[PDB]
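Q: Residue numbers (the entry's author numbering), protein chains in the order written: chain M, 155 to 205; chain E, 206 to 616; chain F, 9 to 195, 205 to 487. For every residue, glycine included, the Cβ atom is placed at its ideal position computed from N, Cα and C.
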Amino acid sequence: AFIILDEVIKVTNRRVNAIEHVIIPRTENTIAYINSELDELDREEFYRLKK
Amino acid sequence: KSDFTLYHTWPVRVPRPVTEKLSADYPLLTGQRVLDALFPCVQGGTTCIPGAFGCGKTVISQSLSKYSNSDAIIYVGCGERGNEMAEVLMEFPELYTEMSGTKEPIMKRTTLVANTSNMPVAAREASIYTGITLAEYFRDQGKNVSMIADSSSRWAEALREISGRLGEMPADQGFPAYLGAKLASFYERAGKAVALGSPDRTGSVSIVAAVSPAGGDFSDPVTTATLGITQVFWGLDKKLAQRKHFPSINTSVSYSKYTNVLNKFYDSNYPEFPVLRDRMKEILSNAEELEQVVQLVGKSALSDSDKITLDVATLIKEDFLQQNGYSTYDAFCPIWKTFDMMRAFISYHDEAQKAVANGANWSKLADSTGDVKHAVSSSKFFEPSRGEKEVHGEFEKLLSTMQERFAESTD
Amino acid sequence: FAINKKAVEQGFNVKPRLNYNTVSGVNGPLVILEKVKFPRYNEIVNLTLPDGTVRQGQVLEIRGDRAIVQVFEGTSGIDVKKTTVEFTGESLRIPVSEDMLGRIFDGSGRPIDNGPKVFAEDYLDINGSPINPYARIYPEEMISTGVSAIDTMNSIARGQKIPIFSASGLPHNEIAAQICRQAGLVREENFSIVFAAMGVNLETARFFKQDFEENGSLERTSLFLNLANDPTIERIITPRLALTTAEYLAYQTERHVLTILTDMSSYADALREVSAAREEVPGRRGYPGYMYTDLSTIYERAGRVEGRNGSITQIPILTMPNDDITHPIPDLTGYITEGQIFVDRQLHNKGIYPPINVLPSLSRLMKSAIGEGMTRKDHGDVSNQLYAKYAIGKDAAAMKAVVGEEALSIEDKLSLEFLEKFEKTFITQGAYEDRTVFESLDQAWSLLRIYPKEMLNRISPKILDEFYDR
Numbered sequence: 155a156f157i158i159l160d161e162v163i164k165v166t167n168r169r170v171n172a173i174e175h176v177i178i179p180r181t182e183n184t185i186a187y188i189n190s191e192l193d194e195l196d197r198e199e200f201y202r203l204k205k
Numbered sequence: 206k207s208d209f210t211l212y213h214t215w216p217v218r219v220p221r222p223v224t225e226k227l228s229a230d231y232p233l234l235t236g237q238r239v240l241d242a243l244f245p246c247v248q249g250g251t252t253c254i255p256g257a258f259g260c261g262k263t264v265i266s267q268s269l270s271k272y273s274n275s276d277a278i279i280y281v282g283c284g285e286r287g288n289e290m291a292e293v294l295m296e297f298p299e300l301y302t303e304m305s306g307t308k309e310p311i312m313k314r315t316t317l318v319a320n321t322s323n324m325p326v327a328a329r330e331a332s333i334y335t336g337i338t339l340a341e342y343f344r345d346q347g348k349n350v351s352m353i354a355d356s357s358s359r360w361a362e363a364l365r366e367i368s369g370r371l372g373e374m375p376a377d378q379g380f381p382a383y384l385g386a387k388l389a390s391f392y393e394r395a396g397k398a399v400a401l402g403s404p405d406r407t408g409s410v411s412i413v414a415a416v417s418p419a420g421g422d423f424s425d426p427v428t429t430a431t432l433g434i435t436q437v438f439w440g441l442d443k444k445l446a447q448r449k450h451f452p453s454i455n456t457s458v459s460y461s462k463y464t465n466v467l468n469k470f471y472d473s474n475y476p477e478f479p480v481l482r483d484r485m486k487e488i489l490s491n492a493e494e495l496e497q498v499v500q501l502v503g504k505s506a507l508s509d510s511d512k513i514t515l516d517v518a519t520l521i522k523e524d525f526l527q528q529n530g531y532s533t534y535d536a537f538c539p540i541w542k543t544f545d546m547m548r549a550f551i552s553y554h555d556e557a558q559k560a561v562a563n564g565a566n567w568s569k570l571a572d573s574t575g576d577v578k579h580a581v582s583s584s585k586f587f588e589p590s591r592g593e594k595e596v597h598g599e600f601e602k603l604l605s606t607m608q609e610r611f612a613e614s615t616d
Numbered sequence: 009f010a011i012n013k014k015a016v017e018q019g020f021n022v023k024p025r026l027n028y029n030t031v032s033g034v035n036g037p038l039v040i041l042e043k044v045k046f047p048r049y050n051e052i053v054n055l056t057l058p059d060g061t062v063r064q065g066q067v068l069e070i071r072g073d074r075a076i077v078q079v080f081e082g083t084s085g086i087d088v089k090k091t092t093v094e095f096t097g098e099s100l101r102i103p104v105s106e107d108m109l110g111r112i113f114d115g116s117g118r119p120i121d122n123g124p125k126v127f128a129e130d131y132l133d134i135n136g137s138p139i140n141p142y143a144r145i146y147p148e149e150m151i152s153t154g155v156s157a158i159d160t161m162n163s164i165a166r167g168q169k170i171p172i173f174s175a176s177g178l179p180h181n182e183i184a185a186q187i188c189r190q191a192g193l194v195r205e206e207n208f209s210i211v212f213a214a215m216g217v218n219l220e221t222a223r224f225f226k227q228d229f230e231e232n233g234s235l236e237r238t239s240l241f242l243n244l245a246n247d248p249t250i251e252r253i254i255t256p257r258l259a260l261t262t263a264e265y266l267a268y269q270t271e272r273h274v275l276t277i278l279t280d281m282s283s284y285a286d287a288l289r290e291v292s293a294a295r296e297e298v299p300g301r302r303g304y305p306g307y308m309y310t311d312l313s314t315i316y317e318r319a320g321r322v323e324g325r326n327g328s329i330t331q332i333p334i335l336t337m338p339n340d341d342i343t344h345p346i347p348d349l350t351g352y353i354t355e356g357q358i359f360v361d362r363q364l365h366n367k368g369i370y371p372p373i374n375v376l377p378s379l380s381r382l383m384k385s386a387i388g389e390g391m392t393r394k395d396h397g398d399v400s401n402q403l404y405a406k407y408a409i410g411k412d413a414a415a416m417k418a419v420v421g422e423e424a425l426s427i428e429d430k431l432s433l434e435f436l437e438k439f440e441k442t443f444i445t446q447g448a449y450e451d452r453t454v455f456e457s458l459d460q461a462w463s464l465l466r467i468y469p470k471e472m473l474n475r476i477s478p479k480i481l482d483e484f485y486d487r
C-alpha cells in the first residue's frame with residue numbers, strides 16, 4: 155500500500171501542478187486577446203457609421 | 206521624324222511588354238542552409254519574409270544581396286531606418302565577388318533606391334514602381350536580375366494615409382478597399398520570360414518582399430493579402446531571435462510551392478535531395494510532437510526511439526539550421542556542402558536507430574560512440590572555396606568511419 | 009569674414025503685418041477666419057483675447073479665403089467681436105545661440121530662470137530638412153556607460169538611438185540620470210546634454226534639476242520643461258525645439274550632444290487627443306493612422322555627418338501602458354529605432370538595481386563597435402554564450418515548477434546555478450559604481466567557470482583555449 159499510494163500521490167500532484175502553471179494562464183491570455191479584438195472591430199464599425 | 210539617342214523614358218505604371226511568359230525551373234541559390242534545403246526558391250519566383258519586430262530580417266536580405274547568383278541586383282528601401290543605406294553603401298565597395306575572374310567591386314553590379322522613413326510620404330509609392338521598372342529594363346537585355354524590396358507594409362501605410370486624407374470609406378483597419386489589387390498587379394511583373402525583339406534572348410525577375418506586420422500577428426491585412434498571391438513564405442520567430450539563433454525562420458509554418466518543379470534540376474545533379482528533405486522534415490515534426498507532451502508528463506515513459514528522435518532533433522536544430530551569420534567558414538554554404546551535411550545527418554540518425562533496433566541499449570551507446578556526434582557537429586566547419594572535390598572526400602570518409610564505428614561499437 | 013557678414017545683412021529689413029478683426033466661428037481647439045488675403049500654410053498668428061491676454065496659433069488648412077487656426081493655450085474666452093489676430097508671415101522659429109547652455113526654458117522655449125532673452129545669433133525653423141543619406145556615416149565607436157548589463161551584453165555607439173522601455177513606477181529616471189552622469193568614451206565626459214521633459218509631475222522636474230546641479234553638469238546643459246498642468250497642445254512643439262537646439266549645437270559648433278526625451282507616451286497621448294479633435298482615420302487602439310511618420314520625423318535626426326565632428330545621441334524614455342510590448346507605441350518606436358533597453362518589473366520586485374533583463378533587449382550597432390583594437394577579442398561571442406545560458410536557465414526553472422526536481426539533469430542544475438549567480442552578482446550594481454569593460458568581461462568569464470569547456474559550443478575553441486584556463 156505504501157508503494158501504490160506514493161505512486162498515486164506523485165501522479166496526481168504532478169498533474170495538479172501542470173494544470174495550475176501551464177494551462178490557466180494560457181487560456182487567460184487567449185481570452186484577453188479575443189476581448190481586445192472585439193473592441194478593435196467595434197471601433198471601425200463606429201467610425202464607418204460616423205463618416 | 207524620329208531621332209533616337211542613347212536613352213529613353215518610360216511610364217512607371219505600365220508594365221513593359223514581353224513576348225511570352227515561361228515557367229521558372231532553375232533554383233535561386235541563397236547561401237543560407239535552411240532556405241536552400243527545406244524551402245527553396247526558383248529564379249523568377251516571389252517570396253515574403255514577414256518580420257516580427259527585429260528578428261534579423263536584414264541578415265537574410267544582406268546575404269541574398271551579397272551572394273545570390275544573379276547578374277544584377279536592385280535593392281529598394283521604402284520606410285527604411287535610413288541608417289542601413291549608410292552601411293550598404295560602405296560595405297559593398299569593400300567586398301568582392303568573382304564571375305569571370307575576381308572583380309573587386311560588387312557595387313558595379315548594384316543600384317539602390319533609397320527613401321527613408323523621414324522623407325515625404327507620397328514618395329513611398331513611387332519608390333517601388335521606379336525600383337521594378339529598372340529591373341524589367343535589365344531583364345529586356347536578357348539578364349537574370351533580382352529585386353530585394355524592403356518593408357512593403359510602409360507603402361500600404363502611405364496608401365492608407367493619403368486615402369484618409371482625401372476622405373473615403375476604409376475596408377479593414379483603415380486600409381482602402383483597393384489594396385488587394387495594387388499588390389497583385391505589382392507581384393505579377395515577376396517571372397521568367399522571353400524578351401521582345403529579334404536576337405531572341407531571355408531574362409527573369411525575382412522579387413523578394415518583406416512585410417512588417419503590426420505586433421507580431423499574421424492577421425494583418427497587409428500580411429494576409431500577400432500570402433494569397435505569393436508562392437513562397439518564410440515566417441519568422443521572436444524567441445529564436447531572442448536566443449541568438451539566426452536565421453530565425455519558423456520551420457513549422459513556412460512553406461514553398463516551388464518544391465516539385467525543381468525535380469528536373471535535382472535529377473540532373475542531386476537525385477536523392479527531395480527524399481532527404483522530406484525525411485528531415487518528418488524527423489523535426491515528430492520531435493516537436495513528442496516534446497509536446499514532455500512539458501506535462503516528464504521524460505519518464507519515453508522509449509529509446511523517442512529519446513533518439515529528440516536527441517537528433519536537438520542536434521539538427523543546433524548545428525544544421527544555425528548559420529552563425531558572418532565568419533570565414535559559414536557565410537555562404539554552397540549547395541554541394543549542404544547536400545553532404547544533409548546526407549551525413551540522416552545517415553547518423555539511421556545508424557543510431559539501427560543499432561538500438563536489435564535491443565542494444567542506447568544509453569551506453571551515447572558515450573560509446575562519443576566522437577561520432579562531435580564529428581558530425583563539427584563537419585560544418587569544413588572551409589568552402591577549398592574545392593568541390595576537396596571536402597567531398599572528407600565528407601565521403603566521414604560517414605564510412607561513422608558506420609564502421611557503429612558496426613564495431615555495436616558491442 | 010564676408011560670408012558671415014552677408015548671411016545676416018538681410019535681417020536689416022522691416023515688414024509690417026495685418027490685423028484681422030474678423031472671426032467667423034470657434035469649435036473645439038480650432039478657430040476659423042475669413043477674408044485673409046493670401047494665407048500661408050503653416051503660419052504663426054497672435055490671438056489677442058478681449059481680456060488683453062495674447063495667445064498663439066498655427067494654420068492647418070486654407071481654402072479660398074478661410075484659414076483654420078488651432079490655438080496652443082486652449083481656446084476658452086474667445087469672442088467673435090473683440091478678438092484680433094495678426095499674421096506673422098512665417099513659420100515657427102526658435103532663437104538659438106551657444107549661450108543657451110546652462111539655462112532653463114518652458115514648453116514654448118522662453119526663459120523661466122529669471123534671466124534675459126536669448127539674444128540669438130540666428131533663427132532656425134523647428135522642423136528641419138531630412139539628412140541626405142549619401143552624407144551619413146555609421147558610428148564605429150563605443151560609449152562606456154559603466155553598467156555591465158548595458159556595456160557588455162549590449163552596447164551603445166555614439167550616434168545611435170536607443171529607447172528605454174520601462175513600466176510605471178520603475179526607476180527609469182534613476183537609470184537615465186546615472187547614464188548621463190557616468191558616460192564617456194572607452195579608452205571624455207564632455208557630452209553636452211540637452212534635456213526635454215514633456216508631461217511630468219513637479220517632483221520629477223525637481224529631481225532632475227537636483228541631480229544635474231550637484232554633479233557639476235548644469236553648466237553645460239539645457240532643459241525644456243512641460244509639466245503635467247501645462248497646456249496639452251504645446252507638448253507637440255517641445256521635442257522639436259529640443260532637437261533643433263541639439264542639431265544646431267552639434268552640426269554647427271562641433272560638439273558631441275546627448276539628448277533625453279523623458280516621456281514619449283505623453284507625446285503619443287497628445288497626438289491622439291489632437292487627432293480626435295479632427296476626424297482623421299484611426300489606427301489600431303485609436304491612435305492616428307500617420308503616427309509612424311510623425312515619430313520617424315522625431316527619431317531620425319541623430320547620427321554623424323561626413324564633413325562635421327558633432328554627433329547627437331538619443332535616449333528617449335518610453336512607458337508601456339500595461340507592460341504590453343505589443344502596444345502600438347513600443348512597436349513603432351522599436352521599428353524606427355535601432356535597439357532598445359528593457360527595464361524589467363519582475364527583477365524589480367526582488368530589489369535588483371538596475372532591474373534590467375537582457376533577453377528582450379537588443380543593440381543593432383553592437384556588432385560594429387566591439388571587436389579588436391577597442392576591447393578584447395572575446396567580447397563578440399561571450400555575449401552569445403551568456404545569452405544562451407540565460408535562456409536555458411529560464412526554461413530550466415520553468416520546468417522545475419511542473420515536473421518537480423526529478424527530471425532535471427546535471428545540465429539543468431548547472432543552468433540554475435548560473436541563472437542565480439548571473440542576477441545576484443553580475444547584473445546588480447550600485448548607483449555610484451563604475452565598471453570598465455575589462456572588469457565586466459573578467460566577471461563574465463568568472464561566471465562561465467561553472468560550465469566545463471566541452472559544452473561551451475557557441476563560444477569559439479580558440480578563445481576558450483587561451484582564456485578558459487588563465
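Quick check: does the Cβ of F:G320 come within less than 8 angstroms of any heavy atom belonging to the ligand MN?
A: In the structure on display, the ligand MN does not appear, and there are no ligands present to speak of.
Q: Give me the Cβ distance between E:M324 and F:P124, rounded to the nearest whole Å; I'm assuming they're in contact under 8 angstroms.
A: Position 119 of the second sequence, counted from the start, is the residue given in the question as residue 324 of chain E. Position 116 of the third sequence, counted from the start, is the residue given in the question as residue 124 of chain F. Going by Cβ atoms, the distance from E:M324 to F:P124 rounds to 39 angstroms, so no, they are not a contact pair.
Q: Looking at chain F, is there any beta carbon in it that lies within less than 9 angstroms of the beta carbon of M:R197?
A: As a working mapping, residue 197 of chain M is identified with position 43 in the first sequence. Interface residue, yes.
Q: Classify F:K394 as helix, strand or coil using the three-state DSSP reduction.
A: Working through the third sequence from its first residue, we reach residue 394 of chain F at position 377. It is coil, neither helix nor strand.
Q: Within this structure, are the beta carbons of F:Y468 and E:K449 separated by less than 9 angstroms?
A: Here residue 468 of chain F refers to the residue found at position 451 when the third sequence is read from its first residue. Here residue 449 of chain E refers to the residue found at position 244 when the second sequence is read from its first residue. No.
Q: Quick check: E:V458 and E:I513, are their CB atoms within less than 9 angstroms of each other?
A: Walking along the second sequence from the start, residue 458 of chain E turns up at place 253. Walking along the second sequence from the start, residue 513 of chain E turns up at place 308. Not closer than 9 angstroms, so no.
Q: Taking C-alpha atoms, which residue in F:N401, F:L258 and F:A245 lies nearest to F:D286?
A: Counting from one through the third sequence, the residue named residue 286 of chain F turns up at place 269. For the residues F:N401, F:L258 and F:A245, the minimum Cα distance to F:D286 belongs to F:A245.
Q: With burial defined as no fewer than 16 other Cβ atoms inside 10 Å of the residue's Cβ, what is the status of F:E323: buried or exposed?
A: On the third sequence, position 306 is the one that residue 323 of chain F refers to. With fewer than 16 other Cβ atoms within 10 Å, it is exposed.
Q: As a quick exercise: from E:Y392, E:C246 and E:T335, pick the residue whose alpha carbon is nearest that of E:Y463.
A: Working through the second sequence from its first residue, we reach residue 463 of chain E at position 258. When each option's Cα is compared against that of E:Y463, the closest is E:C246.
Q: Could you spell out the range, first to last residue, of the beta strand (DSSP E) harbouring E:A277?
A: Numbered from 1 along the second sequence, position 72 holds the residue referred to as residue 277 of chain E. Where E:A277 is concerned, there is no enclosing beta strand (DSSP E), given that its DSSP letter is neither H nor E.
Q: For F:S176, count neighbouring C-beta atoms within 10 Å of its own C-beta (all shown protein chains included) and say buried if the count is 16 or more, exposed if not.
A: In the third sequence, counting from the first residue as 1, residue 176 of chain F sits at position 168. Burial call: exposed.
Q: What in chain F is Cβ-close to M:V176, meaning under 7 angstroms?
A: Within the first sequence, numbered from 1, the residue matching residue 176 of chain M stands at position 22. Ordered by position in chain F, the residues that pass the 7 angstroms Cβ test against M:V176 are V419.
Q: What span of residues does the alpha helix (DSSP H) with E:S207 cover, start to end?
A: Residue 207 of chain E sits at position 2 when you count from the first residue of the second sequence. Taken as a continuous stretch (DSSP letters only), E:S207 belongs to no alpha helix (DSSP H), as it is neither H nor E.
Q: Need the endpoints of the alpha helix (DSSP H) that E:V239 sits in, please.
A: On the second sequence, residue 239 of chain E is found 34 positions in, with the first residue counted as 1. Taken as a continuous stretch (DSSP letters only), the alpha helix (DSSP H) holding E:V239 covers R238 to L243.
Q: Please confirm whether F:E106 and F:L235 have their CB atoms less than 9 angstroms apart.
A: Taking the first residue of the third sequence as position 1, residue 106 of chain F is located at position 98. Taking the first residue of the third sequence as position 1, residue 235 of chain F is located at position 218. No. Outside cutoff.
Q: Looking at E:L233 and E:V399, is the spacing between their C-beta atoms short of 9 angstroms?
A: Against the second sequence, residue 399 of chain E aligns to sequence position 194. Against the second sequence, residue 233 of chain E aligns to sequence position 28. No, these two residues do not count as a Cβ contact at 9 angstroms.
Q: Is it the case that the Cβ atoms of E:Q237 and E:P452 are separated by a distance below 9 angstroms?
A: Position 32 of the second sequence, counted from the start, is the residue given in the question as residue 237 of chain E. Position 247 of the second sequence, counted from the start, is the residue given in the question as residue 452 of chain E. Result yes, Cβ atoms of E:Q237 and E:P452 sit closer than 9 angstroms.
Q: Can the beta-carbon of F:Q168 be found closer than 9 angstroms to that of F:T279?
A: Counted from its first residue, the third sequence places residue 168 of chain F at position 160. Counted from its first residue, the third sequence places residue 279 of chain F at position 262. No, Cβ-Cβ distance for F:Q168 and F:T279 is not below 9 angstroms.
Q: According to a CB-to-CB cut-off of less than 8 angstroms, which residues of the stretch 462-486 of chain F neighbour chain E?
A: Per Cβ criterion, the list reads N474 and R475.
Q: Closer than 9 angstroms, Cβ to Cβ, to anything on chain E: give me those residues from the stretch 325-345 of chain F, in chain order.
A: Those would be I342, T343, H344 and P345, in chain order.
Q: Pop quiz: F:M161 and F:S400 are said to be a contact at Cβ under 8 angstroms. What is the actual Cβ separation, rounded to whole angstroms?
A: Taking the third sequence and counting its residues from 1, one reaches residue 161 of chain F at position 153. Taking the third sequence and counting its residues from 1, one reaches residue 400 of chain F at position 383. Contact flag correct, Cβ pair sits at about 5 angstroms.
Q: Of the choices E:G249, E:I254 and E:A229, whose alpha-carbon is the least far from that of E:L240?
A: Translated into positions along the second sequence, residue 240 of chain E becomes position 35. Here the closest residue by C-alpha is E:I254.
Q: I need the boundaries of the alpha helix (DSSP H) containing M:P179, first residue and last residue.
A: Translated into the one-based positions of the first sequence, residue 179 of chain M becomes position 25. Looking at the DSSP string, the run of the alpha helix (DSSP H) that includes M:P179 is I178 to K204.
Q: If you reduce the DSSP assignment to three classes, tell me which class F:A143 lands in.
A: To locate residue 143 of chain F, count along the third sequence from 1; it is residue 135. Three-state result, F:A143: helix.
Q: For E:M324, which three-state DSSP category applies?
A: The residue labelled residue 324 of chain E in the question sits at position 119 within the second sequence. Coil.
Q: Distance check for E:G261 and F:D311, CA to CA, integer angstroms please.
A: As a position in the third sequence, residue 311 of chain F is number 294, starting the count at 1. As a position in the second sequence, residue 261 of chain E is number 56, starting the count at 1. The straight-line gap from Cα to Cα measures roughly 25 angstroms.
Q: If you run the structure through DSSP and keep just helix, strand and coil, what is E:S409?
A: As a working note, residue 409 of chain E is residue 204 in the second sequence. Strand, per DSSP.
Q: What are the boundary residues of the beta strand (DSSP E) that F:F443 is part of?
A: Numbered from its first residue, the third sequence carries residue 443 of chain F at position 426. Neither: F:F443 is in no beta strand (DSSP E) and is coded neither H nor E.
Q: Using a Cβ-Cβ cutoff of less than 6 angstroms, which residues in the same chain neighbour F:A214 once the five nearest sequence positions on both sides are dropped?
A: The residue given as residue 214 of chain F occupies position 197 in the third sequence. Hits under 6 angstroms: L242 and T279.
Q: Taking C-beta to C-beta, are E:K522 and E:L489 nearer than 9 angstroms?
A: For this step, residue 522 of chain E is matched to residue 317 along the second sequence. For this step, residue 489 of chain E is matched to residue 284 along the second sequence. Against a cut-off of 9 angstroms, the Cβ pair of E:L489 and E:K522 comes out as a contact.
Q: Going by DSSP in three states, residue 191 of chain E sits in which element: helix, strand or coil?
A: The first residue shown for chain E is 206 and the last is 616, placing residue 191 of chain E beyond what the model contains.
Q: What in chain E is Cβ-close to F:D348, meaning under 7 angstroms?
A: By 1-based counting over the third sequence, the position of residue 348 of chain F is 331. Ordered by position in chain E, the residues that pass the 7 angstroms Cβ test against F:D348 are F258, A419 and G420.
Q: So F:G154 packs on F:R452, CB below 8 angstroms; how close in whole Å?
A: Reading the third sequence from its first residue, position 146 is the one you call residue 154 of chain F. Reading the third sequence from its first residue, position 435 is the one you call residue 452 of chain F. So it is a contact: roughly 5 angstroms between Cβ atoms.
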